[PDB]
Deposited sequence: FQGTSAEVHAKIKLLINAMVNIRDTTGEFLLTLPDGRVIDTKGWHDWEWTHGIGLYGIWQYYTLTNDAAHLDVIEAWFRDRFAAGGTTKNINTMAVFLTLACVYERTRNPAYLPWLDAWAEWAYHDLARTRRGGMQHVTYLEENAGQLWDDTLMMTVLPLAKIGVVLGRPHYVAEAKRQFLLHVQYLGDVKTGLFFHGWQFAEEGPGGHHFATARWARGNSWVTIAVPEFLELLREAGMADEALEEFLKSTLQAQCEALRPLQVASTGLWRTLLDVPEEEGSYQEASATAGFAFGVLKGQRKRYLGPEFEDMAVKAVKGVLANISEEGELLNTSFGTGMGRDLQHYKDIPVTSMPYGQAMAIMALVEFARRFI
């Protein structure tokens, strides 16, 4: 595999994903972000146009209701605003960040409750929150010059590591449920999902970079989150399927119990591990693991530009992985 081939796969994925896409869910958050990351790499105006056209059309349709998932797209919007300074985005950045900071339901200990469209999910913390709401909030705090947003995001990272982290394995539980009354609580099913864990593998390097670039980095926090990411990668290493480079949907569950290989979540891991190494949050010891994962993703991408349950999720993760992989050829 060469540079030209990788880029061709990226464009195949992007074209297939956007010419599929005309809704607003959490998949659009990572979908737009993958396209944005490719734009920061190659500076192709067509990719920026795709992003700007998406927001232009949704905003014209009155936008959407606010929850943990719909918040995801505003990580990209904040990134775009940082470059274009488009004043049209300002009331959107302001309104949704103010909601996430002030109005979004809080669990015990001040954790961001995983409120969805259908479900209130009282007292629940999920893994994807870090990617879906916390990082959008942090980035808006940077671009609008509102440091308290960023402080709150740091807090949420500490809270989610605390209440989802599993130091015995180095992996993460999917969800935490605070007790209705009294102290403590319980994790949902004490399950270590590939997709859920991948959100941490993605969010941590993205968050560490965001802070450093904004001049808002804290050394203790960076060292802590670095060791946390390191611990997860060490756990991922023997769990990877050596023959394919993919991980199983239930990471620590063997295939004889029904835990099938999952290319989409593998792509998510691939991005985080590659980026973690590039930004030097990790050493080079996971490079072979990450390259194997990339090869596994490439082998599971169809000629239609599809993986495989969520198809735009798979395409989004594959885009993020291959774009970050393409960064190695500069």
(request) Walk along the deposited sequence from position 1 and note every stretch that has no C-alpha coordinates. (result) 1-2, 23-43, 332-351
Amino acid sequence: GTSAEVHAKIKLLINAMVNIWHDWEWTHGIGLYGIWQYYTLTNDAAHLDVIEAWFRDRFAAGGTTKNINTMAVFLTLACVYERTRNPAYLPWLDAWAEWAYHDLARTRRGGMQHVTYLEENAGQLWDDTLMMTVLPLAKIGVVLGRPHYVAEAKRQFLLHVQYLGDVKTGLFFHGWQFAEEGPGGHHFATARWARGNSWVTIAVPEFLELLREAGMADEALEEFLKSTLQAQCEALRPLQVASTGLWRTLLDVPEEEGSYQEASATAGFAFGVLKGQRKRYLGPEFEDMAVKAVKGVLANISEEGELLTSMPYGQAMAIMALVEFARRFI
From here on, numbers count along this sequence of modelled residues.
(request) Higher average CA B factor in the deposited record is what I'm after, so tell me if that's 56-64 or 285-293. (result) 56-64
(request) Read off the CA B-factors in the entry, average them over 266-274 and over 41-49, and name the higher stretch. (result) 41-49
(request) Have a look at 157, 188, 207, 89 and flag the one whose Cα has the highest B-factor in the entry. (result) 188
(request) Would you mind checking where the Cα B-factor of residue 182 ranks among the modelled residues of its chain, as the lowest, middle or highest third? (result) highest
(message) For the chain shown, is the CA B-factor of residue 118 in the lowest, middle or highest third of its modelled residues?
(response) highest
(request) Select lowest, middle or highest to describe the third in which the CA B-factor of residue 239 falls within its chain in this entry. (result) middle
(message) Can you tell me whether residue 32 has a C-alpha B-factor in the lowest, middle or highest third compared with the other modelled residues of the same chain?
(response) lowest
(request) Please rank the C-alpha B-factors of the chain's modelled residues and tell me whether residue 193 sits in the lowest, middle or highest third. (result) highest
